[PDB]
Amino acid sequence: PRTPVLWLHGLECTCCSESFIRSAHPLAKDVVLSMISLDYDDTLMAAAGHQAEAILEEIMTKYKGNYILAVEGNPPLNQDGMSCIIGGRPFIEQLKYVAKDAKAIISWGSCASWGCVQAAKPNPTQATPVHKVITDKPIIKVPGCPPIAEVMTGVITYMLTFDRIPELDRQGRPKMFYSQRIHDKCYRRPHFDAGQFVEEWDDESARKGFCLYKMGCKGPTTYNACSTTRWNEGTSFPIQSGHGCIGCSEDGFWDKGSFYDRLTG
């Protein structure tokens, strides 16, 4: 048998679901058909309404304590929770219900991990990350907006092979993917080290791939696999394509000033 995954969606943009299906190794097709049993997921599931909701009770009973809850997005606490409604009820009620009997909880992306864009000031819905609502269950955070596809499927692959959550850092992120800052192995680092910087878009320095620090790159303070694993089967990453890192895997990155203001010190 394949481990059931119940994939819930709160307030989100669905980028994490989209990133997941970009995975080349393993293919999302192979994950769905051969690795997990993806039993509930709003994006892809055949059943709707009453038939969809009926799946949750069935899996939770049959696989009690032996399914994975994956959460994309987050619950809002304002508007009596009804700024995110599922089955006529607040999302937070669904989240708490499904979480109770999960063997592990994955917080996909910056939304579920920390709050992401809807939690940026002044956070009109009081969007709240999963670990602040679910406080009695093991939660692995997989932050990024979205996370890299192979990071997402890498987490799943580890969990299914070993029936364990991988080693986490103090912020709950898997060390196997989030141990390095972008700036550690960024290919533009030799330019940084020599004080060779882009100062205006499309200047001579930009055309030579000089460091993007002075254009606001937040690589020096951001932990992710982007510089090495890179994006979309290692095709590029933000810096390689010419834009500084905006810090998208870090808690509260929307409220750390303009993306184009350089780090100080």
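Numbers for residues come from their place in the sequence shown, where the first is 1.
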Requested in this report: Going by the average Cα B-factor in the PDB entry, point out whether 135-143 or 122-130 comes out higher.
Outcome: 135-143
Query raised in the report: With respect to the recorded C-alpha B factors, which stretch has the higher mean value, 202-210 or 53-61?
Result: 53-61
Query raised in the report: Whose CA atom has the top B-factor in the entry, of 70, 239, 27, 225?
Result: 27
Requested in this report: Place residue 217 in the lowest, middle or highest third of its chain's C-alpha B-factors, as listed in the PDB entry.
Outcome: lowest
Report task. Within this chain's modelled residues, let me know which third the CA B factor of residue 87 belongs to: lowest, middle or highest. Result -> middle
Report summary line: Sorting the chain's modelled residues by C-alpha B-factor and splitting them into thirds places residue 162 in the lowest
Report summary line: By the entry's values, the third containing the CA B factor of residue 177 is the middle
Requested in this report: Select lowest, middle or highest to describe the third in which the CA B-factor of residue 95 falls within its chain in this entry.
Outcome: middle
